[PDB]
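Encoded as structure tokens, the structure appears first; notes follow it.
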Amino acid sequence: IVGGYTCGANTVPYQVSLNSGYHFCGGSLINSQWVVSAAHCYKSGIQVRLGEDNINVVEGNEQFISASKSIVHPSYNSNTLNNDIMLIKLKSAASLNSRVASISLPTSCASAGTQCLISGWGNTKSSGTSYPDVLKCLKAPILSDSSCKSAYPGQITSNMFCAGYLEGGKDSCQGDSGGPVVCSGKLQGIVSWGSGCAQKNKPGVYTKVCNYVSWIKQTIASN
Ligand SMILES: [Ca+2]
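In the authors' numbering, the protein residues as written are 16 to 34, 37 to 67, 69 to 125, 127 to 130, 132 to 183, 184A, 184 to 187, 188A, 188 to 204, 209 to 217, 219 to 220, 221A, 221 to 245.
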């Protein structure tokens, strides 16, 4: 997260870290057996780490659980990043408590100007590299689709929205990939892509989760 703040330990209790020997992507817990993250975070051999704040120190509230199956969206296009969403089922159900909680799926899409919270353990510098050990948070608005498509001509589909700041300096970044964008208590977005991080006139692009609720609900029920 570039230009955000330290969240505070376990204040985003639905945030998941995907680990394959190291942290490489974020995710969101949507019920005790299922996680949603981005398709561009697919790997074989994922362990889902719940209850995390410092990902380098075991602090007492973590649950480490291996994925039993991963389902990448049937129409994910890795070149356009269109339909960038994947479901991960846990080998055993997480124990929900104050520090491990699920987030609700949206009943409708959010409008431009709604304020959201984005969170992740990804890169914190726009020019350079510095990876945090504790969860970073950023408050950011959904932007008009006009300013989203003018920043990226011909690349935005109906399954994508922009959120952030056109002046730059505040954005999600690699390492935040697959993580939550929550607006009004609902999971509205997944950290998907952008041009670098926190560059002027190049906002973050996010998977528009409200287009996918039927596929999510039908797939978790049959798996
Ligand atoms: Ca930890």
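Beta carbons are placed, not taken as given, at the ideal position from N, Cα and C, and that holds for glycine.
**Report entry** Candidates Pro225, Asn143, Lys188 and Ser86, of which the one nearest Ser195 by Cα
**Finding:** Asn143
**Report entry** Proximal residues to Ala24 (C-beta, below 6 Å), its chain only, five neighbours per side dropped
**Finding:** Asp71
Query - Meets three-Cβ-pair contact criterion under 8 Å: the region 46-59 and the region 93-105 - result: yes
Query raised in the report: Helix, strand or coil: how does DSSP classify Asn100 here?
Result: coil
Report task. With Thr241 as the anchor, note down where its alpha helix (DSSP H) starts and where it stops. Result -> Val235 to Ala243
Query raised in the report: When the Cα atoms are used, what is the spatial distance from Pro92 to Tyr234?
Result: 12 Å
Query raised in the report: Where do the ends of the alpha helix (DSSP H) carrying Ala160 lie?
Result: Element bounds for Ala160: not the alpha helix (DSSP H) but the beta strand (DSSP E), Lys156 to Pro161.
Query - Assigned exposure category for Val118 - 16 Cβ within 10 Å defines buried - result: buried
Query raised in the report: Does any heavy atom of ligand 1 sit closer than 6 Å to the C-beta of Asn25?
Result: no
Query raised in the report: What do you reckon, is the C-beta of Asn115 under 6 Å from a heavy atom of ligand 1?
Result: no
Query raised in the report: Should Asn223 be counted as a contact of ligand 1 given a C-beta to heavy atom distance under 6 Å?
Result: no
Query raised in the report: Between the Cα of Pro173 and the Cα atoms of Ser217, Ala243 and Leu137, which residue gives the shortest distance?
Result: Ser217
**Report entry** Residue range of the alpha helix (DSSP H) that includes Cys201
**Finding:** Looking at the DSSP string, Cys201 is not in any alpha helix (DSSP H); the run it does join, the beta strand (DSSP E), is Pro198 to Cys201.
Requested in this report: Indicate, with yes or no, if ligand 1 has a heavy atom lying under 6 Å from the CB of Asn34.
Outcome: no
Query raised in the report: Regarding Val154 and ligand 1, is the C-beta to nearest heavy atom distance less than 6 Å?
Result: no
Query raised in the report: Does the region 40-47 come within contact of the region 81-99, defined as at least 3 CB pairs closer than 8 Å?
Result: no
**Report entry** Beta-carbon proximity list for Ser32, same chain, < 7 Å, skipping 5 on both sides
**Finding:** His40, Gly43, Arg66, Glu70, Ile73 and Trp141
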